Amino acid sequence: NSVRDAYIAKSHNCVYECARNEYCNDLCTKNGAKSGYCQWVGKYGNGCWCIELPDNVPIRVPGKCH
């Protein structure tokens with residue numbers, strides 16, 4: 001469908017660095033997701049992972065963050 005679990009991105013192909021869960025939940029839900037949390041030690045380091053983020057919101061994909 002139109003939603004996916006994903007790292008929400010900020011320009012240009014960067015995760016939102018994090019430490020605490022509430023920050024990520026706030027960020028993710030503002031952007032239409034159901035919830036979110038801070039994933040420590042993931043594919044791109046520590047970043048906010050959103051649950052059921054709408055597909056029109058950019059996400060982290062393979063490539064260089066800058």
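Positions are given from 1, in the same order as the sequence printed here.
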Taking only distance into account, with no hydrogens and no angle test, what donor-acceptor pairs under 3.5 Å do side-chain atoms of residues 23-38 form with protein atoms, sequence neighbours excluded?
residue, atom, partner, partner atom, Å
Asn25, OD1, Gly36, N, 3.1
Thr29, OG1, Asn25, O, 2.9
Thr29, OG1, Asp26, O, 3.4

Under 3.5 Å donor-acceptor pairs involving side-chain atoms of residues 40-57, not counting sequence neighbours:
residue, atom, partner, partner atom, Å
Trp40, NE1, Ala19, O, 2.8
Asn46, OD1, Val41, N, 2.9

Work out which heavy atom in [X] is nearest to a heavy atom in [Y]; give both atom names and the distance.
X: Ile59; Y: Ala6; answer: CG2-CB, 3.4 Å
X: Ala9; Y: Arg60; answer: CB-N, 3.6 Å
X: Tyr16; Y: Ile8; answer: CD1-O, 3.5 Å

